[PDB]
Amino acid sequence: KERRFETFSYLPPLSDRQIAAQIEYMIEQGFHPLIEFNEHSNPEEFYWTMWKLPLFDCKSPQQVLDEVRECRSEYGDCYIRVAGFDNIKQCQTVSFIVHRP
Amino acid sequence: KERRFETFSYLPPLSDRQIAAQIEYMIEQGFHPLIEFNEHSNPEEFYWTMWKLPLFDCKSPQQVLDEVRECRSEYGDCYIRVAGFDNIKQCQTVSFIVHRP
Amino acid sequence: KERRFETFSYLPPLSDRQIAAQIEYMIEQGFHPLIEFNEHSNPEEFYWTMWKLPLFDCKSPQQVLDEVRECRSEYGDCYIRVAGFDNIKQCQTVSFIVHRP
Amino acid sequence: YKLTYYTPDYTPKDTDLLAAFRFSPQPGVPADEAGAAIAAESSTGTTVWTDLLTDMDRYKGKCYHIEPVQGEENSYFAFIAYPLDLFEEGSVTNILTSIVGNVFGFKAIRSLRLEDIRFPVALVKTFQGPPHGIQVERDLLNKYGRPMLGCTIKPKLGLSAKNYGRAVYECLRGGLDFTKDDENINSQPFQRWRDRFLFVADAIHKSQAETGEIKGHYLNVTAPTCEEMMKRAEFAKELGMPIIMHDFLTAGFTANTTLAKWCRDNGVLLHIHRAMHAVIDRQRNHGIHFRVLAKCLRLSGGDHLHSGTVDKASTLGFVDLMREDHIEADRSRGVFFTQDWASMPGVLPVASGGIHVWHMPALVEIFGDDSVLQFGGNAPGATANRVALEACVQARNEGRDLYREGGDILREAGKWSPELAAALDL
Amino acid sequence: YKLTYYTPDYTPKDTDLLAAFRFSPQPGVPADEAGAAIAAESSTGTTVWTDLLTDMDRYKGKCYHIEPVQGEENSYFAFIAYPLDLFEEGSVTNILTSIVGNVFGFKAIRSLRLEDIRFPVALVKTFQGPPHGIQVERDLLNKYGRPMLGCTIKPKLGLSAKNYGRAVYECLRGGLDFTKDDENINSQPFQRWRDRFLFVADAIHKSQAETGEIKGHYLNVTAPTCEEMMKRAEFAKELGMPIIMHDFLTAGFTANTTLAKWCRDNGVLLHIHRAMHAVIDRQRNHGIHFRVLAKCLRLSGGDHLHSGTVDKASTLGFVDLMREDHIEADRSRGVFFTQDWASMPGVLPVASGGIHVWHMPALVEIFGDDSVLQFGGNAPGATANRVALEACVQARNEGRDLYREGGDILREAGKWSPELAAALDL
Amino acid sequence: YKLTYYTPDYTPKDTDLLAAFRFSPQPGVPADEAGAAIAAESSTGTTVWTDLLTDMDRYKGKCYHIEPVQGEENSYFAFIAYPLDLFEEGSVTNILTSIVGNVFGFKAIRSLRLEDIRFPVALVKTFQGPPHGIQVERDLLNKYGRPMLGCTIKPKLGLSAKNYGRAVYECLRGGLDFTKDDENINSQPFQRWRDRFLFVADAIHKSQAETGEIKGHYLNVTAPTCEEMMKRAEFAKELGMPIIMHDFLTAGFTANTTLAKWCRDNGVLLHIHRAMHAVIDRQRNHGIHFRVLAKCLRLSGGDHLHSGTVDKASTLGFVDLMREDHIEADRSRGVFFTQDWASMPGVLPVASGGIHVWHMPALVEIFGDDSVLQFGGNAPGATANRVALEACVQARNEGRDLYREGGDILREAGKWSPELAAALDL
Amino acid sequence: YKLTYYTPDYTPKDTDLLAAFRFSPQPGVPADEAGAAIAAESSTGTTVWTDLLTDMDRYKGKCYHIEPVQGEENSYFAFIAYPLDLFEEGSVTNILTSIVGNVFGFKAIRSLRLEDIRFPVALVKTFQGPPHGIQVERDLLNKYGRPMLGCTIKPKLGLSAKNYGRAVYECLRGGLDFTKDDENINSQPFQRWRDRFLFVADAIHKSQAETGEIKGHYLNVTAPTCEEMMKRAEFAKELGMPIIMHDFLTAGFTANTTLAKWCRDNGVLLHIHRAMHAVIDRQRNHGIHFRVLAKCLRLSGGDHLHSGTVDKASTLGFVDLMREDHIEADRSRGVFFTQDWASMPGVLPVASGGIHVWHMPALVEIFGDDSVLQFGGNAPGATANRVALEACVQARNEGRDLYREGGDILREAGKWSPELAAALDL
């Protein structure tokens with residue numbers, strides 16, 4: 001009804017151009033995108049199901065977009081979240097929704 | 001959706017030939033089959049409803065199959081599990097699903 | 001009757017020559033003698049009454065002997081103990097009786 | 001003094017505690033004499049018979065560097081090294097009592113200000129540090145990529161516990177992560193602490209259920225006694241509250257260290273308010289700079305620390321001191337010594353004081369994601385603050401310059417958001 | 001502000017808390033505007049929807065008097081009344097957080113100093129006060145007619161626990177009532193606290209047996225945490241120690257109130273050291289005057305309080321504030337408000353800082369019998385101090401003027417006392 | 001020695017403790033003299049007046065058999081019987097201190113290795129044994145008919161608690177029964193133990209909900225002190241964790257017995273890791289064979305015990321020793337004595353060390369169903385491991401020979417399973 | 001491995017933990033490859049997806065030096081540095097599990113022996129260390145200037161508690177400072193621990209009253225469980241016992257650290273027996289040298305440590321390692337690294353094993369005053385031992401050479417002492 005998601009869910013649903021810009025920022029900072037999906041979205045539920053691997057050898061924002069599209073075609077009624085990790089600073093620096101059922 | 005059952009549920013659904021082979025192994029080891037059924041399958045729920053007696057005087061794998069078929073015809077929307085006990089070693093040595101709703 | 005004192009009390013009462021040799025060793029190691037006296041000698045009683053100062057500017061074993069003689073002439077019915085401290089190692093390295101009532 | 005406590009050729013050991021003092025000697029007193037005096041008054045004080053039962057040199061604070069302050073007259077920096085053995089392990093109270101316990105009353109100094117302390121790694125390892133730290137806190141709250149948003153409930157006094165919870169619920173359902181008790185709110189007759197905790201917990205549960213995001217309220221557990229403080233922290237834990245607040249200066253460092261240990265043992269975040277800080281830090285010529293207190297709080301324990309509104313460079317320096325693991329000495333940023341934290345977790349800075357949604361781009365640029373932005377008042381206003389924050393973060397990630405495009409970014413976000421449009425209209 | 005927070009015709013109620021602020025406004029700001037600002041920043045801060053769910057006027061701090069400081073320019077006294085309802089009962093921490101929590105950072109004030117607080121009787125009754133007080137302490141120690149004598153063990157650092165006990169025993173057998181831990185001594189590697197407590201207890205028992213007078217040593221229980229502090233206080237009680245010491249500013253008021261409650265419950269006297277006081281009180285233009293801290297300590301709990309060496313008149317004023325039940329307002333002595341203590345027991349002032357046996361007549365005259373004279377070093381020196389003290393008391397009782405005859409009294413006493421003769425020779 | 005401690009005609013009593021020592025005497029020393037020396041040095045040591053206040057013979061360890069080692073020179077087996085009265089009941093620590101406490105330093109022996117201990121039934125009954133044992137553990141986890149599957153999280157160090165829980169969740173949802181802490185993971189600065197426990201519990205709950213099978217993670221409760229260990233075990237119980245892990249050699253047998261008693265009282269399974277075992281057991285000529293340590297662990301308490309990767313016959317022997325109730329003496333399998341366990345529950349062997357899914361048929365054949373197969377890494381890999389395991393069990397039950405048909409069985413299962421097909425491709 | 005774990009140009013940081021390994025590679029394996037393998041197997045083990053969620057390099061053990069062993073073939077020393085972050089603070093168990101947990105089973109190494117560990121100061125400060133240390137122990141027992149004398153009661157088993165106390169009383173009244181439980185004596189059926197504690201306490205009180213010197217008996221509190229151990233330590237404290245004994249290897253380091261913390265909190269000395277040390281340390285080519293265990297025990301906590309009978313130079317080295325604050329690297333004495341203890345108190349070495357009163361001069365010369373001489377038997381024999389000890393100390397202080405004049409000194413002392421004359425006659 002009025003449920004939210006932690007980052008960028010108070011903005012309009014991100015377009016593929018905006019998602020690509022976010023992934024491009026992630027690539028510049030060296031955050032390798034991790035794609036996760038879930039059938040619900042509960043604040044107390046920390047973990048989502050990861051989409052088949054973290055993309056360590058990613059050179060283009062478009063590849064992450066293709067992985068998101070494939071997960072959409074597999075989990076159309078699932079949320080999709082993009083995560084990124086600063087392994088040097090050992091902090092997860094990115095977590096935002098890119099798909100809602 | 002992706003629910004599992006403890007033994008052989010990562011294999012394809014056992015055929016009557018494979019179930020008969022399992023029961024035959026049980027008979028050689030002296031494990032008298034115990035048929036149990038339940039309307040759900042929860043990991044925390046230890047006990048299922050037993051199908052009318054353990055077959056102590058079983059001479060053929062086919063009779064256990066007939067009991068499973070009869071429980072299927074009575075509880076078609078219930079899971080069916082075959083259990084076996086090594087009473088000398090006092091350990092349940094067998095527990096596998098033979099029917100899903 | 002058979003009461004003892006911690007160091008050298010199983011040896012015969014130390015003579016002034018032996019006391020001077022002990023004080024001479026004390027001076028070489030840099031342990032400045034501290035003279036203390038007590039009217040009793042109880043194992044649980046840690047502290048004795050100090051004889052008027054520790055001799056920091058002592059150049060001769062004979063001066064410590066003179067201080068012990070003076071305390072004897074003042075506390076003839078008191079025990080007299082010579083203490084020494086290794087201030088670098090922060091450990092009391094010497095404690096032995098030189099006079100008994 | 002100068003013959004024994006001034007050691008210009010001494011090189012500090014990695015195990016030494018270093019203190020940077022800014023001092024003005026009284027007329028007549030030479031600067032080096034005053035610096036040796038600062039070293040002596042903070043280590044040994046100044047003959048008695050017991051002196052020669054000890055090693056005097058070993059427990060001596062040494063002034064190893066004195067330099068005049070650039071662009072000022074009768075002002076100097078004194079750098080003093082103290083042996084690791086002077087201090088009780090894991091005790092901020094003992095370190096403060098040793099360093100700043102008596103030296104500030106010394107008559108031969110006109111003005112004295114402790115600018116910085118270098119805590120050696122061997123000393124740092126004896127402290128717990130923050131109960132959870134920045135990284136673990138973000139994991140526990142499931143909040144990533146943006147600064148957290150907070151609001152202090154107004155008015156400070158007068159609200160009943162139920163109406164207090166009402167205000168908390170409105171702000172939290174609006175889109176804020178945190179609401180907070182005012183520092184004056186402990187257990188007054190108009191609002192007893194247990195009622196406030198109960199009603200705030202109810203408001204938090206409702207807002208969490210509605211929004212689907214983890215919510216928190218800094219319940220003030222500052223109490224007259226240790227036992228009352230433990231009771232309040234315990235009740236907050238009983239209600240499932242994720243975060244509590246403590247005033248570390250007025251309650252004291254002993255109570256704060258106790259509470260931080262309890263917070264680590266019970267999985268509760270600890271927000272630290274700095275009431276009475278201006279009594280100590282405001283005068284540039286006297287007292288203790290807040291960066292020293294921030295370091296002492298990182299040692300004592302705290303997951304958040306109020307760090308002012310935003311000299312900008314010095315605030316950036318002490319935000320680095322509280323967040324980073326290794327901070328290089330940088331005098332332009334007020335970092336007198338290189339500080340190593342030996343993987344002790346960092347503390348989240350909290351920027352507050354009416355931070356003015358049009359100032360959101362500047363705050364996001366200055367502090368980055370690892371901070372809390374505290375707003376000094378209803379659900380649409382909270383939503384406008386949240387929308388502006390996420391728009392600023394989105395624009396920063398896209399490469400746009402928040403300093404130059406901030407008003408443009410806010411205008412762009414306000415076209416599709418009515419609450420932000422109204423807030424920008426104001 | 002001035003329209004709502006400045007009330008020149010308001011008469012304070014007997015239940016109000018009054019604060020006297022000395023302030024300098026920044027150039028441009030009128031004095032009355034600054035005074036109303038001090039009243040607002042220390043009560044309410046400054047509109048939101050929750051405001052009209054409350055009674056704004058009822059929780060408002062009112063500036064009821066402003067006057068310029070005599071003989072100074074751009075300086076004023078602001079008198080502010082606060083309702084009794086603002087404060088949690090029995091909490092010094094809450095009172096300090098309310099009054100001086102934020103006002104000292106206000107930008108429109110150049111300099112601010114809290115001079116005095118009038119605690120209403122209704123608030124005073126919610127505090128325990130000193131664990132025992134002057135009268136009960138004299139009864140417990142069986143010491144009457146003269147000030148108590150104390151000595152701080154030297155050197156501050158380096159002595160092992162056994163040698164520490166040796167020094168304590170020498171000083172106590174000499175004729176002193178108290179010895180004391182240095183404030184830096186908590187539990188350092190060279191001297192662990194439990195060993196020090198054990199050996200000091202042994203020294204106290206020996207000196208008591210030898211002299212036949214009750215002896216004490218202020219064992220420092222200032223600890224990193226509440227639990228360690230309780231363990232140290234508990235072990236001191238286990239050893240039969242009559243008095244312990246606490247650093248109330250560096251440890252904090254929460255821990256101090258906890259410890260004072262424990263001291264009352266366990267029959268232990270509580271000596272209070274004021275480490276870090278000069279960080280707050282030294283500058284005449286900024287901070288909190290020590291008399292406010294002394295009043296807060298009398299409320300929080302303490303049987304002794306370090307009160308400086310000896311402006312003389314202001315020290316006399318705050319010694320009255322800590323000893324007497326009713327103190328009239330007297331600006332020459334720094335007493336801005338009439339303070340009633342409602343039979344709360346008084347606190348013993350402790351005068352220290354190398355008090356120089358030739359200065360004994362002046363100290364005895366200034367402080368009277370209800371004080372502790374702390375000497376900043378062996379049995380003959382302790383005996384000389386005790387002989388001089390008793391000679392001064394005897395001469396004062398006989399009618400002789402200590403100020404004019406003090407040297408003569410000391411000479412007369414030293415004619416029959418060799419230790420005092422040597423001390424006077426020095 | 002040989003006259004009193006060598007008793008070749010003595011028949012051990014059923015209440016005696018027997019020890020099998022493999023020894024090499026130093027050149028010159030005859031073998032029987034060395035064997036009597038081993039018996040003496042491990043029972044009595046060697047005259048004093050107190051000797052005749054005792055019965056010397058009654059507490060004497062008797063060497064009752066010496067035989068040379070087949071195919072070796074200067075090597076012998078010494079069999080020593082010890083009375084039941086030498087040992088404190090229920091104490092593995094005391095038994096080890098008595099048997100191997102001093103004898104290994106005896107100079108006249110070149111090399112000594114304790115091969116086996118026969119624990120008499122009367123001694124066995126004084127120990128709790130495993131908290132639950134194999135049968136009860138299978139009942140509690142509802143897992144039957146197949147070995148359990150485990151995975152150790154990689155990398156050993158560096159993962160934050162949240163990412164650690166992520167890895168655990170991926171492996172557990174893949175189809176594994178257990179994940180496990182690395183033995184190095186206790187409470188390091190990068191990952192504090194309580195955060196790790198919290199996040200792992202969340203991962204376990206999620207994977208259990210998704211799969212519908214009971215999941216577990218061996219939370220390491222190995223701690224610096226007894227109190228920290230109890231706190232960690234208590235928090236694991238609070239989270240509903242079914243199993244914890246303990247390093248029994250580095251933490252010690254006292255802590256392990258304490259923890260096993262707690263595990264029995266609180267319904268928690270106890271996984272035992274054997275860190276530092278190779279310091280003791282690796283050299284065939286010196287130390288203690290691991291089978292003795294396994295017996296001591298079965299007595300002290302443990303539901304799982306790491307038992308190596310897989311001489312095959314000796315590992316089969318000590319797996320029998322830890323699982324069966326009655327084990328016949330069998331020198332080819334390293335079982336020197338017949339061991340009766342008097343219905344003390346067995347311990348689950350844990351086979352680890354990169355067990356290589358193509359090696360699954362051999363492991364299933366060697367260990368049977370009552371074991372844990374620990375994989376030294378994501379959900380498809382876990383699924384492939386689980387599919388291969390269940391295919392091997394199904395084939396074994398059908399009568400097919402796992403040694404000869406294992407590759408064929410894996411190929412057959414891989415045709416309908418893509419994850420297993422990829423794993424076999426690798 | 002060699003490309004990543006072998007860093008010949010790396011200089012260790014002062015915060016690093018260093019380990020010196022003596023290894024023999026298996027034929028074929030080059031030495032540098034084996035050294036990098038030792039570094040890897042003791043830090044990280046060896047790719048998985050979780051690897052890139054971490055900083056691999058930061059938690060990596062680096063082999064920074066390899067050198068061949070002088071006068072040996074196929075033998076090398078590997079020096080490995082480990083970051084301070086690998087280890088839980090204050091945990092000997094974690095350090096041992098990290099360093100020697102798995103590396104000793106590595107197949108490519110034929111033989112491995114851990115020779116030395118350099119504990120960084122930052123790690124050392126996280127441990128309590130000895131409960132009291134050498135200096136405080138001498139103060140508590142009022143024993144100065146000479147080594148302490150101990151005797152182990154014989155026979156090891158069979159004595160009832162009352163006769164045990166009889167033997168203790170005879171030895172203590174003879175002139176010994178300490179008697180001790182045998183390590184096998186815990187709570188056997190012939191002598192229950194509480195009876196033994198009661199009767200030994202009575203014997204100690206009687207001997208103390210008779211001699212006027214503080215007496216002690218190391219009551220063994222080694223127990224099957226943590227709770228039994230605490231009960232036994234508690235009862236020893238209840239009886240006023242000054243010292244207890246613990247077997248740290250068989251009971252384990254967790255229990256030992258717990259007990260040392262309790263001993264510090266309750267003022268009880270802790271004697272540490274090293275049962276089972278020869279299982280680990282005896283073979284020069286395998287295991288852990290005892291000096292590493294001695295350092296780990298100094299960290300974990302112990303006031304005494306059994307240190308063997310007396311290669312002489314290596315024993316002198318590890319006695320320095322356990323006594324001194326700073327020990328320089330010295331390969332002739334087996335000190336591979338410079339060790340700083342940061343004022344952590346030292347541990348008293350205990351020399352035992354039938355030390356043969358004619359060997360008293362050599363022991364006094366070798367160990368000096370800071371040691372315990374433990375005799376492996378009645379009042380005259382104890383008196384002879386004490387007389388010989390004090391004569392040796394007196395002669396050493398007078399300047400006479402104990403090595404050359406020892407027999408002459410003993411003869412001179414025995415001329416006036418009948419007990420020593422008889423002992424010398426034997």
# chains A, B, ... in the order shown; residues from 1 in each chain; ligands from 1
>>> closest_atom_pairs(of="chain G", to="chain F", cutoff="6 Å", atoms="only C-alpha atoms", output="JSON lines")
{"residue": "G:48", "atom": "CA", "partner": "F:377", "partner_atom": "CA", "distance": 5.7}
{"residue": "G:51", "atom": "CA", "partner": "F:155", "partner_atom": "CA", "distance": 5.9}
{"residue": "G:54", "atom": "CA", "partner": "F:158", "partner_atom": "CA", "distance": 5.3}
{"residue": "G:87", "atom": "CA", "partner": "F:188", "partner_atom": "CA", "distance": 5.9}
{"residue": "G:88", "atom": "CA", "partner": "F:188", "partner_atom": "CA", "distance": 4.8}
{"residue": "G:91", "atom": "CA", "partner": "F:224", "partner_atom": "CA", "distance": 4.3}
{"residue": "G:93", "atom": "CA", "partner": "F:250", "partner_atom": "CA", "distance": 5.5}
{"residue": "G:98", "atom": "CA", "partner": "F:184", "partner_atom": "CA", "distance": 5.4}
{"residue": "G:101", "atom": "CA", "partner": "F:276", "partner_atom": "CA", "distance": 4.3}
{"residue": "G:104", "atom": "CA", "partner": "F:278", "partner_atom": "CA", "distance": 5.3}
{"residue": "G:105", "atom": "CA", "partner": "F:278", "partner_atom": "CA", "distance": 5.1}
{"residue": "G:155", "atom": "CA", "partner": "F:51", "partner_atom": "CA", "distance": 5.9}
{"residue": "G:158", "atom": "CA", "partner": "F:54", "partner_atom": "CA", "distance": 5.3}
{"residue": "G:159", "atom": "CA", "partner": "F:54", "partner_atom": "CA", "distance": 5.8}
{"residue": "G:184", "atom": "CA", "partner": "F:98", "partner_atom": "CA", "distance": 5.4}
{"residue": "G:187", "atom": "CA", "partner": "F:88", "partner_atom": "CA", "distance": 5.5}
{"residue": "G:188", "atom": "CA", "partner": "F:88", "partner_atom": "CA", "distance": 4.8}
{"residue": "G:224", "atom": "CA", "partner": "F:91", "partner_atom": "CA", "distance": 4.3}
{"residue": "G:225", "atom": "CA", "partner": "F:254", "partner_atom": "CA", "distance": 4.8}
{"residue": "G:226", "atom": "CA", "partner": "F:258", "partner_atom": "CA", "distance": 5.8}
{"residue": "G:250", "atom": "CA", "partner": "F:93", "partner_atom": "CA", "distance": 5.5}
{"residue": "G:251", "atom": "CA", "partner": "F:254", "partner_atom": "CA", "distance": 5.1}
{"residue": "G:252", "atom": "CA", "partner": "F:252", "partner_atom": "CA", "distance": 3.5}
{"residue": "G:253", "atom": "CA", "partner": "F:251", "partner_atom": "CA", "distance": 5.5}
{"residue": "G:254", "atom": "CA", "partner": "F:225", "partner_atom": "CA", "distance": 4.8}
{"residue": "G:257", "atom": "CA", "partner": "F:225", "partner_atom": "CA", "distance": 5.8}
{"residue": "G:258", "atom": "CA", "partner": "F:225", "partner_atom": "CA", "distance": 4.9}
{"residue": "G:275", "atom": "CA", "partner": "F:101", "partner_atom": "CA", "distance": 4.6}
{"residue": "G:276", "atom": "CA", "partner": "F:101", "partner_atom": "CA", "distance": 4.3}
{"residue": "G:278", "atom": "CA", "partner": "F:105", "partner_atom": "CA", "distance": 5.1}
{"residue": "G:279", "atom": "CA", "partner": "F:287", "partner_atom": "CA", "distance": 5.3}
{"residue": "G:287", "atom": "CA", "partner": "F:279", "partner_atom": "CA", "distance": 5.3}
{"residue": "G:377", "atom": "CA", "partner": "F:48", "partner_atom": "CA", "distance": 5.7}
>>> write_last_selection(atoms="C-alpha atoms", output="compact mmCIF listing (two decimals), in the first residue's frame")
# COMPACT_ATOMS: atom_id res chain seq x y z
CA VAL G 48 35.07 -18.98 -4.22
CA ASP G 51 36.66 -14.24 -1.75
CA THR G 54 36.97 -9.53 1.29
CA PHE G 87 43.60 -12.83 16.65
CA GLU G 88 40.94 -12.44 19.29
CA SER G 91 42.82 -15.38 23.90
CA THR G 93 43.42 -20.43 22.64
CA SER G 98 45.51 -19.85 14.37
CA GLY G 101 46.04 -25.37 14.54
CA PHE G 104 51.51 -29.43 11.59
CA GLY G 105 49.48 -31.83 9.45
CA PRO G 155 54.05 -41.01 47.75
CA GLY G 158 47.72 -43.69 48.77
CA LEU G 159 47.95 -41.14 51.58
CA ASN G 184 47.89 -36.89 39.80
CA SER G 187 39.81 -36.08 44.03
CA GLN G 188 40.50 -39.81 44.04
CA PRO G 224 36.82 -32.41 35.44
CA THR G 225 34.66 -29.32 34.83
CA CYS G 226 34.77 -25.55 35.16
CA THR G 250 45.78 -31.08 30.33
CA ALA G 251 43.04 -28.79 31.65
CA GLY G 252 43.51 -26.33 28.78
CA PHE G 253 44.14 -22.64 28.24
CA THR G 254 40.49 -21.57 28.53
CA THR G 257 42.76 -18.04 31.81
CA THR G 258 39.50 -18.25 33.76
CA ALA G 275 52.04 -32.06 32.82
CA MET G 276 52.07 -33.48 29.27
CA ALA G 278 56.99 -33.70 26.81
CA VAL G 279 54.25 -34.91 24.46
CA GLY G 287 56.07 -30.01 17.99
CA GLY G 377 61.69 -36.27 53.21
>>> residues_around(residues="residue E:414", least_positions_apart="3", cutoff="9 Å", atoms="only C-alpha atoms", output="list in words")
residues 384, 387, 388, 409, 410, 411, 417, 418, 419, 420, 421, 422, 423 and 424 of chain E
>>> write_last_selection(atoms="N, CA and C atoms", output="mmCIF file, in the first residue's frame")
data_model
loop_
_atom_site.group_PDB
_atom_site.id
_atom_site.type_symbol
_atom_site.label_atom_id
_atom_site.label_comp_id
_atom_site.auth_asym_id
_atom_site.auth_seq_id
_atom_site.Cartn_x
_atom_site.Cartn_y
_atom_site.Cartn_z
ATOM 1 N N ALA E 384 55.354 16.972 63.092
ATOM 2 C CA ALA E 384 55.471 18.427 63.127
ATOM 3 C C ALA E 384 54.187 19.095 62.655
ATOM 4 N N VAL E 387 51.588 18.680 65.447
ATOM 5 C CA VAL E 387 51.894 19.529 66.596
ATOM 6 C C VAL E 387 51.542 20.976 66.288
ATOM 7 N N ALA E 388 51.924 21.455 65.102
ATOM 8 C CA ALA E 388 51.588 22.820 64.720
ATOM 9 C C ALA E 388 50.082 23.021 64.669
ATOM 10 N N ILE E 409 53.132 31.556 68.137
ATOM 11 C CA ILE E 409 52.552 30.305 68.620
ATOM 12 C C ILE E 409 53.386 29.123 68.151
ATOM 13 N N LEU E 410 53.787 29.148 66.880
ATOM 14 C CA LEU E 410 54.590 28.066 66.325
ATOM 15 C C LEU E 410 55.946 27.976 67.009
ATOM 16 N N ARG E 411 56.580 29.119 67.280
ATOM 17 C CA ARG E 411 57.844 29.105 68.009
ATOM 18 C C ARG E 411 57.666 28.527 69.407
ATOM 19 N N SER E 417 59.030 20.815 71.111
ATOM 20 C CA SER E 417 58.834 19.755 70.121
ATOM 21 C C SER E 417 59.979 19.757 69.118
ATOM 22 N N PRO E 418 60.810 18.711 69.083
ATOM 23 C CA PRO E 418 61.952 18.730 68.155
ATOM 24 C C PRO E 418 61.551 18.641 66.694
ATOM 25 N N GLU E 419 60.537 17.836 66.364
ATOM 26 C CA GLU E 419 60.109 17.726 64.972
ATOM 27 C C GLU E 419 59.592 19.062 64.453
ATOM 28 N N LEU E 420 58.771 19.744 65.254
ATOM 29 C CA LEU E 420 58.294 21.059 64.851
ATOM 30 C C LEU E 420 59.428 22.070 64.804
ATOM 31 N N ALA E 421 60.410 21.945 65.700
ATOM 32 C CA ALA E 421 61.562 22.837 65.656
ATOM 33 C C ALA E 421 62.329 22.684 64.348
ATOM 34 N N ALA E 422 62.564 21.445 63.914
ATOM 35 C CA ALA E 422 63.234 21.225 62.635
ATOM 36 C C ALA E 422 62.401 21.761 61.476
ATOM 37 N N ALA E 423 61.090 21.506 61.502
ATOM 38 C CA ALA E 423 60.226 21.991 60.431
ATOM 39 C C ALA E 423 60.241 23.513 60.353
ATOM 40 N N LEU E 424 60.238 24.187 61.504
ATOM 41 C CA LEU E 424 60.333 25.641 61.519
ATOM 42 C C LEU E 424 61.707 26.117 61.073
#
>>> residues_around(residues="stretch 332-343 of chain F", least_positions_apart="5", cutoff="6 Å", atoms="only C-alpha atoms", output="short mmCIF file (atom, residue, chain, number, x, y, z; two decimals) with N, CA and C atoms, in the first residue's frame")
data_model
loop_
_atom_site.label_atom_id
_atom_site.label_comp_id
_atom_site.auth_asym_id
_atom_site.auth_seq_id
_atom_site.Cartn_x
_atom_site.Cartn_y
_atom_site.Cartn_z
N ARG F 118 42.25 -48.79 27.19
CA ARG F 118 41.00 -49.50 27.45
C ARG F 118 40.36 -48.90 28.69
N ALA F 313 42.76 -48.53 7.47
CA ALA F 313 42.27 -49.50 8.44
C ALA F 313 42.25 -48.93 9.85
N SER F 314 43.26 -48.13 10.21
CA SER F 314 43.28 -47.53 11.54
C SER F 314 42.16 -46.50 11.69
N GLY F 317 39.14 -48.36 12.33
CA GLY F 317 39.14 -48.82 13.71
C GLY F 317 38.69 -47.75 14.68
N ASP F 325 29.13 -49.73 20.32
CA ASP F 325 29.07 -50.01 21.74
C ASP F 325 30.11 -51.03 22.19
N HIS F 326 30.48 -51.96 21.31
CA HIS F 326 31.47 -52.99 21.63
C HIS F 326 32.39 -53.15 20.43
N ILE F 327 33.68 -52.97 20.65
CA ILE F 327 34.68 -53.06 19.59
C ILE F 327 35.70 -54.11 19.99
#
>>> interface_residues(of="chain E", to="chain C", cutoff="8 Å", atoms="only C-alpha atoms", output="list in words")
residues 160, 166, 169, 170, 202, 203 and 206 of chain E
